[PDB]
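Summary of the model geometry
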Amino acid sequence: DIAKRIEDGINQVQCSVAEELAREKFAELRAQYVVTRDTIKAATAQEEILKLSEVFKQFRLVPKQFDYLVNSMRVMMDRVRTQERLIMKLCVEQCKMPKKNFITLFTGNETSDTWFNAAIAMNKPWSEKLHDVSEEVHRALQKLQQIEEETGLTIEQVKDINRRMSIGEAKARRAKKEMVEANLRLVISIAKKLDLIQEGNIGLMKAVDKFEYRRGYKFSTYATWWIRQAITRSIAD
Amino acid sequence: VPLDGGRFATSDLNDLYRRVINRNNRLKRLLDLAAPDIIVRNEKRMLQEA
Amino acid sequence: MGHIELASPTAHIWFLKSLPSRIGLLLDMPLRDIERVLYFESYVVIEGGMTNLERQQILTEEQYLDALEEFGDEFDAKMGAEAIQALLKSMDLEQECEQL
DNA sequence: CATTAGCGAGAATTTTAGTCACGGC
RNA sequence: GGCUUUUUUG
DNA sequence: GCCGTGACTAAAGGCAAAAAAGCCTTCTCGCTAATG
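Residues numbered from 1 in each chain as written, not as in the entry; some residues may be left out. Chains lettered and ligands numbered in written order. Part of a larger assembly, values for the part shown. Heavy atoms only, no water.

Method information in the entry identifies cryo-EM as the source of the structure, with 4.1 Å recorded as the resolution.

Turning our eyes to something else, we now look at the packing of aromatic side chains. Residue and element names in this part refer to chain A. Scanning all chains against the criterion turns up 13 aromatic pairs over all chains. Arranged with centres 5.7 Å apart and planes meeting at 65°, the rings of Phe 102 and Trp 115 form a pair that is edge-to-face. Here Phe 102, found in helix α6 (residues 101-104), pairs with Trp 115, found in helix α8 (residues 115-118); they are 13 residues apart in sequence, far enough to count as distant. The pair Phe 102 / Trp 115 is uniform in exposure class, with both members buried. Consider the rings of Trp 225 and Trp 226, whose centres lie 5.6 Å apart with planes at 50°: the pair is tilted. Judged by relative accessible area, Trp 226 falls into the partly exposed class, the value being 25%. Each residue in the set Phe 211, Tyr 217, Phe 219, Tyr 222, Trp 225 and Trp 226 is aromatic and connected to the rest through ring pairs, giving one cluster. Sitting over the face of the ring of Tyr 213, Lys 4 holds its NZ or CZ atom 4.8 Å from the ring centroid. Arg 214 extends its terminal NZ or CZ atom over the ring of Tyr 213, reaching a point 4.8 Å from the ring centre. (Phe/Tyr/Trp six-rings, centres within 6.5 Å; stacked < 30°, edge-to-face > 60°. Helix = DSSP H or I, 4+ residues; strand = E, 2+ residues; numbered from the N terminus. Buried < 20%, exposed > 50% of the residue type's maximum accessible area, 1.4 Å probe, protein only. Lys NZ or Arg CZ within 6 Å of the ring centre and 35° of its normal.)

Turning our eyes to something else, we now look at the protein's contact with DNA strand F. Taken together, the neighbourhood of DNA strand F is formed by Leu3(B), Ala9(B) and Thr10(B). One nitrogen or oxygen atom from the main chain of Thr10(B) is found 2.7 Å from a base oxygen belonging to DNA strand F. (Near = heavy atom within 4 Å. Polar contact = N/O pair within 3.5 Å; in protein donor to acceptor, adjacent residues only side chain to side chain.)

Turning our eyes to something else, we now look at the interface of chain A and chain C. Across the boundary between the two partners, chain A contributes 14 residues, which contact 17 residues of chain C. Approximately 1,300 Å² of surface area, both sides summed, lies buried where chain A meets chain C, with 41% of it carried by carbon and sulfur atoms. Inspection of the chain A/chain C interface yields three salt bridges. One salt bridge connects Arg81(A) with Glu47(C), and the closest N-O pair in it is separated by 2.7 Å. On inspection of chain A and its partner chain C, the count reaches nine residue pairs in polar contact. Among the secondary structure elements, those contributing two or more residues to the side of chain A that touches chain C are α5 (63-93) and α11 (155-180) of chain A. Tallying contributions element by element places α11(A) first for the side of chain A that touches chain C, with seven residues. Of the residues in the side of chain A that touches chain C, the class split is three nonpolar, one polar and ten charged. (Contact = heavy atoms within 4.5 Å. Buried area = accessible area lost by both parts, 1.4 Å probe. Salt bridge = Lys/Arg side-chain N within 4 Å of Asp/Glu carboxyl O. Nonpolar A, V, L, I, M, F, W, Y, C, P; charged D, E, K, R; others polar.)

Before going further, it helps to examine empty space enclosed by the protein. The computed volume of the largest cavity comes to approximately 100 Å³. Looking at the largest cavity, the residues that line it are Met77(A), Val80(A), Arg81(A), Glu84(A), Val158(A), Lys159(A), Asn162(A), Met50(C) and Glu74(C). Secondary structure elements with two or more residues in the lining of the largest cavity: α5 and α11 of chain A. For the lining of the largest cavity, the element with the highest residue contribution is α5(A), accounting for four residues. Partitioning the lining of the largest cavity into residue classes produces four nonpolar, one polar and four charged. (1 Å grid on protein atoms, 1.4 Å probe; cavity = no way out; pocket = protein on both sides within 12 Å on 5 of 7 lines; lining within 4 Å. Points joined across faces, edges and corners; volume = space filled by probe spheres on them.)

Further remarks concern the pattern of salt bridges. Per the stated rule, a full pass over the model turns up 17 salt bridges over all chains. Between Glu212(A) and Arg214(A) there is a salt bridge, and its shortest N-O distance comes to 2.9 Å. We classify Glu212(A) as partly exposed; its relative accessible area is 34%. With relative accessibility at 52%, the residue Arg214(A) sits in the exposed group. Members of the salt-bridge network, linked through shared partners, are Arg81(A), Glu84(A), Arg85(A) and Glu47(C).

Quick look at unusual backbone geometry now. Its identity is not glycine, yet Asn123(A) carries a phi of approximately 65°, on the positive side. With respect to the helices and strands, the residue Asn123(A) is situated in the loop between α8 and α9 (125-128). For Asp28(C), which is not a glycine, the phi torsion comes out positive at approximately 65°. With respect to the secondary-structure elements, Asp28(C) resides in the loop between α1 (22-27) and α2 (31-38).

Printed below as a string of structure tokens:
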């Protein structure tokens, strides 16, 4: 039952990402990959990107490809966070800001180079004399605007996609770390057959994260394979 | 310093250095194989103590 | 002279545990929390980011995982002397001097 | 002649000052 | 020759 | 709400000499020596 939540998190991360031998599967992707562009170039956009993103999950080729896509979309949020922290060290650091106003100011403007102009409107004597930093604030914006343009996707949806993929990964890792630690007694019992004790649990994580719900050999016995692999040839290593 | 017989007199500093280097080597070898994070927490804390 | 390569960064004790704590006054947290942070038994954030967490806030297991499932990669939190070194390196000097 | 330790080598209270948390008008 | 523990001289 | 207050914790306590003793982790096994 616990592996089902991990698979659900994987599906959520896949949805976030997707938002001849290697070509037969890619045919399902390309059957609407070029068909979705004009439909989203203008409702039906969502309706058909659902079908475009669902076929990519029907067949799983390689987890390394998923990791590649993960970091490819991670560099974008990395530079977004870099811009955010740069703006923060310009404003909050040398000023005395409560940092709460950006929820009202920055999160609603983004591309709009008027939030710093509106900072004077609500007093904030540090923002009253923005002056040099104001130029220093929106000069980095002249990086953010074309960054957003080259990304081609809205900032709020970028944040939402990052939030949902982070939620999926966090749930997967949470499940993993919350059910690995309860499997040490079996490791000790099988390793009794301290370096040997530790090499008993080195394969514990492998046998645990490999254990699926479509299995049904006993998980103790299913791990027995890999813990005895340590005794099989690597005991003398 | 060697005293009479095969025994060798030991100083406190050598024992502590041996403990620290043993724990450092253990953590190094254990980390190279990507051990579970629960173990590395205890090993790191005990190395801090050492 | 001899040198030993530590497997991971490790914090000095004297500058931590004098009558005035050097790192304690430099970072402006009580001495109790710093030792807990070093001993890995108390989670601590090093960069809140756009979230509702302070950059220099102390947490625990339940609070961090709850924030982990809420935000996760949005905020950055690491443990131990590694986190301490990271937050020292991220904290500039002259800007703090002029702020004071 | 037959049995077994074994260890060699390897391994796993008084006094004072200062600081910090609570609290009092 | 280091440590520890006593005892003693002033 | 800031200074008062009490509660908690680090640090040192003579100088030199002599005389003694006793130590420097502990657990485990194969061919040599201890043992029957």
